[PDB]
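Given as structure tokens, the chain that follows is alone and in the form solved without this ligand.
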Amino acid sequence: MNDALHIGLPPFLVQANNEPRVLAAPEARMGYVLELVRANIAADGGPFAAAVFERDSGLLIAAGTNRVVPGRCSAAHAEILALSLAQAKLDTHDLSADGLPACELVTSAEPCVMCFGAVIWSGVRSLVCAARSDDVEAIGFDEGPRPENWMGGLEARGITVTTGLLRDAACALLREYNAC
């Protein structure tokens, strides 16, 4: 781009970031995130997606997917895209800015060490994961050197963590990606 770092997004993902969605139940939020996984694989991306929602309402704020290969950008993990697009939409770099509602990142899989970092600086107050890190390793993705007790590390910084939500459904999509 020359005068910007610009990561374009495939049509289904631009649509996800510009369509109204309020999904109140945690599993509804995760189900939608898993639909973005499948759309992403069809759009040449990795089998990972994530979306930022208002924690209480379930209003979708932004979504992201793994666009590393087609985007030529190793930082383009789903969590980075979802967090950055939510910040852009809300016009702030910090999702816990006074007066903003609490934000939650709903992710198809436990975060790698980069995304662990990004979650901490983002301002989100909640993280909900579907596939576990052993599930992601089992299809050839590396979580990298996260610290021991990364979940506790998040909790100590005010981010409550849920894991294993619709895990089996997320794993079916991981195993599919791997098989092809």
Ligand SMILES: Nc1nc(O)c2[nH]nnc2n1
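Numbering starts at 1 and follows the sequence shown.
Keep in mind that the form solved in complex with this ligand is not shown, yet the notes after this line are about it.
Only one of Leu36, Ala118, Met30, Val136 comes within 4.5 Å of this ligand in the deposited bound form through a heavy atom, and that residue is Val136.
Of the residues given (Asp142, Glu148, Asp44, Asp56), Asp142 alone sits with a heavy atom within 4.5 Å of this ligand in the deposited bound form. Using a 4.5 angstroms limit between non-hydrogen atoms, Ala78 touches this ligand in the deposited bound form.
The shortest heavy atom separation between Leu60 and this ligand in the deposited bound form exceeds 4.5 Å. This ligand in the deposited bound form is approached by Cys112, whose closest heavy atom lies within 4.5 angstroms of it. Residues in 1-36 all lack a heavy atom within 4.5 Å of this ligand in the deposited bound form.
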